[PDB]
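# Structural description and commentary
Okay, here's what each chain looks like letter by letter:
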Amino acid sequence: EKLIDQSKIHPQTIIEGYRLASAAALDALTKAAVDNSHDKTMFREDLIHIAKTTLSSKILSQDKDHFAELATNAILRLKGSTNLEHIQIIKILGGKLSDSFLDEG
Amino acid sequence: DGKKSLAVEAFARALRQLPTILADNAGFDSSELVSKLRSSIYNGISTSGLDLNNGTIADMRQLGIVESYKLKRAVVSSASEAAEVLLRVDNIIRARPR
Amino acid sequence: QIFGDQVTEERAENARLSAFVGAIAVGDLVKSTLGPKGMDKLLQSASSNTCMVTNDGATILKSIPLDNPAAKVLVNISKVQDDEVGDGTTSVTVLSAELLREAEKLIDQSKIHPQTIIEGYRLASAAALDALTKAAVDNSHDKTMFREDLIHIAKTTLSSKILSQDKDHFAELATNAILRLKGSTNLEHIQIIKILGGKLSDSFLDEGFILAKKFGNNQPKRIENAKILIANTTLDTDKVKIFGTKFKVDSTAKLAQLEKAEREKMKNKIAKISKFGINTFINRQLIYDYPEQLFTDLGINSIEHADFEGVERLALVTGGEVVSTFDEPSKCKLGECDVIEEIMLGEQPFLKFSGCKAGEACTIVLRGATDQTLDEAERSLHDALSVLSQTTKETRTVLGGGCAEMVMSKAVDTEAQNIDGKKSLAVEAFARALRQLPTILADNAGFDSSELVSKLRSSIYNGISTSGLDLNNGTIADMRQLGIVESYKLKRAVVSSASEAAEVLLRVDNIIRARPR
Amino acid sequence: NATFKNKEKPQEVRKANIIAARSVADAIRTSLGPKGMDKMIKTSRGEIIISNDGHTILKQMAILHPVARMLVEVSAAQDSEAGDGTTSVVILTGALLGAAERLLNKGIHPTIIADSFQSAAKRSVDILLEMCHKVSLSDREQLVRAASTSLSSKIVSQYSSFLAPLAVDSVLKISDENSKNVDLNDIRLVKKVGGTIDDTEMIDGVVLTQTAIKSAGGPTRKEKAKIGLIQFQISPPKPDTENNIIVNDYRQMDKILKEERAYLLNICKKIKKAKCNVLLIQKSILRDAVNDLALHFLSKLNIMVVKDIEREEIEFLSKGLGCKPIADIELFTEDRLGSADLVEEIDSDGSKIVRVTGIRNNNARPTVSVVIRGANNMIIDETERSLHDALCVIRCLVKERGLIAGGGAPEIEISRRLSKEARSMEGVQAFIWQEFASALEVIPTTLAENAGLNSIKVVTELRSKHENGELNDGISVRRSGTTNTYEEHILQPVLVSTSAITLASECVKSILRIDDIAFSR
Amino acid sequence: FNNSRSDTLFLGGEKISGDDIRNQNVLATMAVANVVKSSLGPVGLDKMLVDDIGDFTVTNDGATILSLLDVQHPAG
Amino acid sequence: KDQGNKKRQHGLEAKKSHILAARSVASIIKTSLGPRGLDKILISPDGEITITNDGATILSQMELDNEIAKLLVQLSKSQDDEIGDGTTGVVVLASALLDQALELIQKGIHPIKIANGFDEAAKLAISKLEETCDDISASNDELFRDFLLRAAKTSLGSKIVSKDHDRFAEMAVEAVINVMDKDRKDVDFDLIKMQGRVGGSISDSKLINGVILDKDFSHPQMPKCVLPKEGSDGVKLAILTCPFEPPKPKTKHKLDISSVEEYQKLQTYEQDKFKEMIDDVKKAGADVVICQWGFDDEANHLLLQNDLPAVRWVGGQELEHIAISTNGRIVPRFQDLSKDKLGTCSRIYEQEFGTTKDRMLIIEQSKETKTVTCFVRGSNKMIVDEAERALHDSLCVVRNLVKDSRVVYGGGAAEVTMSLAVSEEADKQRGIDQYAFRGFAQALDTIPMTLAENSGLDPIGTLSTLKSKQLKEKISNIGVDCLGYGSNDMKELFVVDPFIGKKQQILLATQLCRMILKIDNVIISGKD
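What counts as what
Residues numbered from 1 in each chain as written, not as in the entry; some residues may be left out. Chains lettered and ligands numbered in written order. Part of a larger assembly, values for the part shown. Heavy atoms only, no water. Helix = DSSP H or I, 4+ residues; strand = E, 2+ residues; numbered from the N terminus. Rg over C-alpha atoms; globule rule 2.2 N^0.38 Å. Contact = heavy atoms within 4.5 Å. Areas by Shrake-Rupley, 256 points an atom, 1.4 Å probe, with all protein chains shown as cover. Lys, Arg positive; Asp, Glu negative; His and termini not counted. Charge placed at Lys NZ, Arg CZ, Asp CG, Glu CD. Salt bridge = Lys/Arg side-chain N within 4 Å of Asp/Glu carboxyl O. Polar contact = N/O pair within 3.5 Å; in protein donor to acceptor, adjacent residues only side chain to side chain. Nonpolar A, V, L, I, M, F, W, Y, C, P; charged D, E, K, R; others polar. Patch = residues over 30% accessible without salt bridge, like charges linked within 9 Å, V, L, I, M, F, W, Y side chains within 5 Å. Buried area = accessible area lost by both parts, 1.4 Å probe. Buried < 20%, exposed > 50% of the residue type's maximum accessible area, 1.4 Å probe, protein only. Expected span 1.5 Å × (residues − 1). Pairing = 2+ DSSP bridges. Axes fitted to C-alpha atoms, helices over the stretch in contact; angles between N-to-C directions. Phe/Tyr/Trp six-rings, centres within 6.5 Å; stacked < 30°, edge-to-face > 60°. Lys NZ or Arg CZ within 6 Å of the ring centre and 35° of its normal. Parallel < 35°, antiparallel > 145°, perpendicular 65-115°, else oblique. Left-handed = near helix turned anticlockwise from the far one by under 90°.

Next up on the list: the overall build of chain A. Each helix and strand in chain A was counted, giving 3 helices and 0 strands. Taking 2.2 N^0.38 as the reference for a compact globule, 105 residues should give roughly 13 Å; the C-alpha atoms of chain A span a radius of gyration of 21 Å, well beyond that estimate. Expressed along its principal axes, the backbone C-alpha trace of chain A runs to roughly 60 × 35 × 25 Å. A separation threshold of at least 6 residues defines the contact pool for chain A, and within that pool the share at least 24 residues apart is 50%. Element-wise, carbon and sulfur atoms account for 56% of the exposed surface of chain A, whose accessible area totals about 8,100 Å². Here chain A contributes 13 positively and 15 negatively charged side chains, and the mean placements of these two sets differ by 3 Å.

What follows deals with the pattern of salt bridges. If you walk through the whole model with that rule in mind, you get 90 salt bridges over all chains. Of the charged contacts, one joins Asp375(C) and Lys194(C) as a salt bridge, the two residues approaching to 2.6 Å between their closest N and O atoms. Taken as a pair, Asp375(C) in helix 11 (residues 371–393) and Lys194(C) in strand 4 (residues 190–196) lie far apart in primary sequence, 181 residues in all. One salt bridge in this structure joins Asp336(F) and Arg333(F), with 3.0 Å as the shortest N-O distance. Within the structure, one salt-bridge network assembled from shared partners comprises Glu98(C), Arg101(C), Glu102(C), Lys105(C) and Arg432(C).

Once that is clear, we can look at the interface of chain C and chain B. Chain C puts 20 residues into the contact, and the matching count from chain B is 15 residues. Applying the counting criterion to the chain C and chain B interface returns 4 salt bridges. Note that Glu32(B) and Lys422(C) form a salt bridge whose closest N and O atoms lie 3.8 Å from each other. At the junction of chain C with chain B, the criterion picks out 7 residue pairs in polar contact. Contributing elements (two or more residues each) for the side of chain C that touches chain B: helix 13 (421–445) and helix 14 (449–461) of chain C. Residue classes in the side of chain C that touches chain B are distributed as 3 nonpolar, 8 polar and 9 charged.

Bringing the side chain of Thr87(D) into the picture now. Topologically, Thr87(D) is positioned in helix 4 (residues 86–105). Ignoring sequence-local partners within four residues, the contact set of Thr87(D) consists of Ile28(D), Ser31(D), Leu32(D), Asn52(D) and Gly54(D).

On the surface, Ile245(D), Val247(D), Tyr250(D) and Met253(D) cluster together into a nonpolar patch covering about 430 Å² of accessible area. Mapped onto the elements of the fold, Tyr250(D) is located in helix 8 (residues 250–273).

Another aspect to go through is the interface of chain C and chain F. Taken together, the contact pairs 36 residues of chain C with 41 residues of chain F. Taken over both partners, the interface formed by chain C and chain F buries close to 3,600 Å², and the fraction arising from carbon and sulfur atoms is 57%. Per-residue buried area on chain C facing chain F is highest for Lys241(C), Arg507(C) and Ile512(C); these three make up 19% of the total on that side. Our count for the chain C to chain F interface comes out at 5 salt bridges. The salt bridge involving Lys40(F) is made with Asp509(C); its shortest N-O contact spans 2.5 Å. Applying the counting criterion to the chain C and chain F interface returns 15 residue pairs in polar contact. Elements that contribute at least two residues to the side of chain C that touches chain F include exactly helix 3 (69–84), helix 5 (114–134), helix 15 (488–506) and strand 16 (508–513) of chain C. Looking at which element gives the most residues to the side of chain C that touches chain F, the answer is strand 16 of chain C, with 6 residues. Broken down by class, the residue content of the side of chain C that touches chain F amounts to 15 nonpolar, 7 polar and 14 charged.

Non-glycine residue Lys79(A) carries a positive phi angle of around 55 degrees. Mapped onto the elements, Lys79(A) comes out in the segment after helix 3 (64–76). On the accessibility criterion, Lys79(A) (74% relative accessible area) is exposed. Even without being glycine, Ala358(C) reaches a positive phi, approximately 40 degrees. Position of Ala358(C) relative to the elements: it lies in the loop between strand 10 (349–354) and strand 11 (362–368).

For the rest of this paragraph, the subject is helix 1 (residues 12–30) of chain C. All names here are of chain C. When the terminal C-alpha atoms of helix 1 are compared, their 28 Å separation across 19 residues agrees well with the 27 Å that a helix rising 1.5 Å per residue should span. Looking only at helix 1, the buried set comprises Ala15, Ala19, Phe20, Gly22, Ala23, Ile24, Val26, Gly27, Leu29 and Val30. Lining the buried residues of helix 1 we find strand 1 (40–44), helix 2 (57–63), helix 3, helix 4 (89–107), helix 15 and strand 16.

Another point: the sheet that holds strand 9 (residues 235–240) of chain F. All names here are of chain F. Across the sheet, 4 strands lie side by side as 11-10-9-12; this open sheet has mixed pairing. Each of the sheet's edge strands pairs with one partner strand only, and the pair in question is strand 11 (310–312) and strand 12 (343–345). Each adjacent strand pair in this sheet contributes to an overall mean axis angle of 20 degrees, direction not counted. Here strand 9 runs beside strand 12; their pairing, made up of 3 bridges, is antiparallel. Bridging from a neighbouring strand, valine 235 pairs with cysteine 345 of strand 12. Packing of helix 10 (residues 316–325) onto the sheet brings it into contact with strand 9 and strand 10 (288–291), and relative to strand 9 it is tilted by some 145 degrees.

All names here are of chain D. Considering the arrangement of structural elements, one finds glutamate 313 in helix 10 (residues 311–320). A polar contact of 2.8 Å, which involves the side chain of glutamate 313, links it to the side chain of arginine 188. Other than its neighbours up to four places away in sequence, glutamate 313 contacts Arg188 and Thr209.

Across all of its chains, the model carries 12 aromatic pairs over all chains by this definition. Ring centres 6.1 Å apart and planes at 40 degrees place the aromatic pair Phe117(D) and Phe436(D) in the tilted group. Here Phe436(D) lies in helix 13 (residues 428–439) and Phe117(D) lies in helix 5 (residues 110–131), a separation of 319 residues in the sequence. For the pair formed by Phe117(D) and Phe436(D), the shared burial category is buried. Relative to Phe494(F), the ring of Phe147(F) has its centre 5.7 Å away and its plane inclined at 50 degrees; by these criteria the two rings are tilted. Of the two residues, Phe147(F) is situated in helix 6 (residues 141–155) and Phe494(F) in the loop between helix 16 (490–493) and strand 17 (496–498); the sequence distance between them amounts to 347 residues. On the basis of relative accessibility, which here comes to 28%, the residue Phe494(F) falls in the partly exposed class. Grouped by ring-pair contacts, the aromatic residues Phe276(C), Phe281(C), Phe295(C) and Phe326(C) constitute a single cluster. Seen from the ring of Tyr290(C), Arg263(C) lies directly overhead, with NZ or CZ sitting 4.5 Å from the centre.

Before going further, it helps to spend a moment on the packing of helix 4 (residues 87–105) of chain F against helix 14 (residues 446–454) of chain F. Residue and element names in this part refer to chain F. Between helix 4 and helix 14, whose axes approach to 10 Å, the crossing angle comes to 120 degrees. In terms of axis orientation, helix 4 runs oblique to helix 14. Pair helix 4 / helix 14 crosses with right-handed handedness. Residue-level contacts link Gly89, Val92, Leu93 and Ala96 of helix 4 to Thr446, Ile447 and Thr450 of helix 14.

As a further point, take the sheet that holds strand 7 (residues 280–283) of chain C. All names here are of chain C. In spatial order, the strands read 8-7-6-9-10; together these 5 strands make up an open sheet with mixed pairing. This sheet does not close on itself; its edge strands, each paired only once, are strand 8 (301–303) and strand 10. Within this sheet the neighbouring strands show an average axis-to-axis angle of 40 degrees, counted without direction.

Residues and elements named next belong to chain D. It is at 10 Å that the axes of helix 5 and helix 12 (residues 409–421) come closest, and there the two elements cross at 115 degrees. The handedness of the crossing between helix 5 and helix 12 comes out as right-handed. From helix 5, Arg123, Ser124, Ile127, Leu128 and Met131 reach across to helix 12, where they touch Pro410, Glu413, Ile414, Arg417, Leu418 and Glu421. Of the residues assigned to the contact of helix 5 with helix 12, the class counts are 6 nonpolar, 1 polar and 4 charged.

As structure tokens, this is what we get:
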């Protein structure tokens, strides 16, 4: 809206403006991308940090410290196809959320 | 170019609106933190980000705050793609509802 | 219940809104009068027949009445800007309005304290002054090139004015006028005489210091080997220090006998004047007929009706004195000149002096079509000669045409790299206001301000900073090649006064008016 | 598309001023030509007047809106240069504003539009000079025919045979081979009741408006006389303060009388010592100009006295006579006088008009006075404007040599030539310079409309003949169709059309340059 | 049924042009001419002309009726 | 009589509107309280626009019918006469006491119980602040003038003075030393004449040991300097209300001369009356002549040959400053002249300043006088007038420092320490004042929060910061960053406020808060 009302720039050029700017933001993520293939023990902690970010803003953020290792160890026991059908969720009443357990069976 | 200059500049401004809104929901000062976040990352030392607990700017790698590359790349992609679709539409014609 | 009696009350949210909108409205009036391609604004009074069309920014601001006290502050500041130079008063008001326009964004949506906004412009204004210092280019050597620089400066000052037509002839007219001085910046050395008839290109530069009033009832029209005496005295009904005696008579014939005592004591006073041995007599007051006839018989030419401005100009040419004491022939300084000639220009007697004592002074005689063209040419030439006089003391120059504001906007963005948080957006607002001036210059030209100025911004941002907005071809060309330059003293005064004008209005969160009487 | 929103709209002020100014030309466009329709105007006082004169309608229209007031100064400047065609200059301005209205609809800024008409007008003048047919002042046959056919639209058609060379000879006497601006105000037209139209004289030096002396001893004629302009007044002493004169005695009456006669005689003696045969006293109704006792003194001195000289003549009498004004008798000298060959009072059927010849002065310059005679008031009136219009026709040929064929022909030919020259340009230079040529077509359109001819048909016929033929083909109201206007003796001097587009481009500029109107006291 | 409200061309008075004034010129001259149409010829009849004071007079002379006829419009 | 146009407030609506109206009037000067405070546009009744942030000028410019706000104006009136510094803060401090009192009224506390609470809270806060003060003039005296010079730099940093303030702070120090003796310790602001002129630069402002006016001698050829004249007594100056000349009427003249008799007489008399009046100067033995009325051309010529400079049309007040400094008198006529009525001084001269055409004059002493004239210059009008009041405020600062050697740091450091002491002792009283003491401590916290809002800082975050730094470490004064220095702890930054000035500020503000609570009824009639 500022690119139209107070600017006078054609909207197709604005679309071309975003296309060149979005490709710059995608190249910025590529240059700043940092991955650890080595030290799978340290990459395990990275998955815990990724879990704490995804569990944030949600009711799971209370016990997230227990849930971060819960979801991380759940993925590590797979080591294979990303299909989520290998993981089942059963909801039980009673007890604190930290009482949830992971059963590989 | 001339007309693409303000369009590319406005794209970077919208990228700085996400940490501004992020600081607004936390209740801190978005004007002070985000602006100091830009000046600190600009010259050298690009690590730190907005800390939503203490209210200061500390290292995200030290606090354990990371995001997936494919996740953040899909955010920058689809949002820029969805913006070009809605902006391209100059007219709306709705037929008779049945 | 406070205040009362028709007073106007403003509050925190009210005064800040009134100060911002009120000042922008003042800037919105003259925004089209800035630049050589600008447009005219029409004003109309209650009589409705006095309507006048003028593009002068100072004339528009002084004429228009305003109900906003914060807007009256910019009017007084514009008068201070007109006293120091006389041009650029529009660019100072508009730039101060652009800072307040962005200040509304700095307050409302940017969460910034107004004192930080002030401290933001303070650090940003110093960055703009440092940018002018780094881009300042002066030539002390090659007076031929410095003369060409004065012509390029004159071409910029004569823009936006009717003089732009003959400006090519007027640029050499104003430049050669300053070269004949080479000395004190006082503008009393340059006298402007406005004459009807002929094209504006018919104006000539006379180094002889033309006088507008003639001499004597019947006297020779050319004076050779003149000895000039500047005098202020009363030549009518003169009895010296006999004051306190009136004429009480029972008949008119007895009154005429006492009136002869006035002339008899006057002739003795005239006899003391002839003891000076002067060929020319200049009096500030008028002259009665009988003593004028005695001056003619003695051969002394009588010049009368010389105002205060005329006496001060004579003091800088011939070097005379007031000389209010006629009581002794010695201990008095007497001026002289080679030739005093009476000439006819535009159907009116004039006096063209020649061979004065080390004359540094010149007189510009303009030939106009109408009185309105001359009246506008007066201040138009006066404002240009005032700037050229300042370029003699300060030889540094910068490239104008939107380039100077663009180079500063980069340094303001450069100094914004290392800054605190709340001062960052305030300094960035100052840089945007620096880019709003060339944006408005392109709006008055009719071109595209968005695309063109942004191409200029990208060109100045990466290396190669020379060129600026070209308002003729519509492209980006070198300001040095197009002959567009600006004085360094002029821009540092604009960046200062506009920043000082903004600091005054940012400090006002309330307005309280006393009960009017 | 999506562009600058322009929340505040100053363009509405400029667009309203163009529409308001075009509304003026909409009423004026019908008064063009001899077949134009008259306009009814009722003054605020209630007076009902009607006329087709463009300069008169704009004067009596009581125009308020300031942009519409500017068209009055344009018609005044059109009369100051050409003297004719004040209606056509407003019509051309209306079309340029109407063309600029379409230019603003295309998104073009008015500053570019104002500068676009500049290069279009300056080039249009050069195009007009290419088709102009150059004449010369050495040929008096073309000058008389130009002035004679221009006066066929005036009350006297037949008497223009002797009127045409009179206006030609009057200018040629005061105009050399090369002169740019010949002042026509230096030619004074003095009309007097009595005589006839066949009786007219061109007097070299000057002609006065009044008689000389009706009292005893009036000379009424003098040979080799010196003339001067007296701004003073000869009267007995009258102190501005409170005064009273009480005469109860016969000796007291003669005492005041002889003292006044002595003061009046001393003024009369100083005039005689200055060798002044003829005196001109400025008309003053405040106090007495010259006392009758002073008139008897100047009668014995054989000094011609002419009083009641209007202030309008005082400025002109200091020009043709080459003398200097006299503020006081003390500054009244021989050096400020003229030398007149003959000063006489011409009486034709109770006229007693005074004329002066033989200025014989070094200050003499192109100044000539013309005596106009006639019976009815409509005679000496129309004859004055008939010559004033004929003097302007000759002045246009002296300033710019050559004349063009009228009847809307040059407006079409310039429009066709400039349109082809605009195809060789690029960018903006292509678009707007086409609209300037289309705005020139309004002049032949209004000529065809006011004459009852078909608008579209006549224009296409003239655009047809201008591709093969030339300027000679135009509209002729005498033939009620399209024919050669050069053989029909319709001739418009080049300065009228040159000063037309020039003043029209300056008017449209000064309008578009106004972006707003604010009340300022 | 009238002609007014120009809504443009700011002026100190009304302006009527086009077929509007052409109809007003016909309607004005019609009512003025309809006065003497019944008095034409020797068989014509007279009429009473009332003044502002309230007096009146009666005559069949067309020159007298038109001289005492008050015409408001300038076209008549 | 005149029942109409009469409003009355009593009971419930009285205690409410009085506090709300006081907060509305004070809210204007709250934002203007500080070094960074925002200015105010004030329009005079003639239409002249002035811009100043001083609360004392605001309340004086405000013309209002509210009697509650008039009590706030009377507060700044007594605060300006007694001190002349904290007039802006004394009303804000009183408004904080009124706002906390309104909260206590809603809790059911009687107004006198609130008034008695602020009284006991004030006496408690005075004793706690009196124990923390330090002495300057103690030990070295040069160290006093060092702190006295840097204390004037603090009060002058909030004004345009701040540019050249190093020289202007010296003018305030040298002015108080000259009009005061170490034993007397009495500073009279009437003894320091505040005067300023436009032109030149501000840094050219000086201090004269005697009266300095702006005057030009009646004749241009008169000498610019007046010497002691080779061993005479000082320089004798004459102040007379009558000119030296033959007397002339001041309304109309019109003297009709009937015959040459009176013409020949008045020609010889008035010619001889010239020298008779000039000889009166030598009879008195005076050098510089100053008169209320002008002189003739001959009078300026006769005084020129005798080397007797004359000055015409000097104001009555200006003649009083000359008579006090030079020990002279105003003599009505020329017959009362003597040598004991002439002004005695060391040197008189006309000093030229650059190219300025003013060319003022200076009457010197060369020994310590009982009066001085503060000389101020500036490049603009408003700059001169602002520098005059800025130094006048500095004269009020240096007055309280020499009067009471006990000083306390300020800028928000003193008010927090006063608040921490009342908050601790509030628990030991266990009375109704327990709520009044907590409200008094919160009212003292309003001043540092107000300064934090004007400096762009969190008023709540800074208040907790000012307290936390004064607890974990020590009660020692810790100030606010309003002036944009390196850090807190004004003790290192040398921001000093007088203890007698802060004590009168917390007193009159507490007394006014009680007087408002003592008024439960307001009766306002019309204007006759």
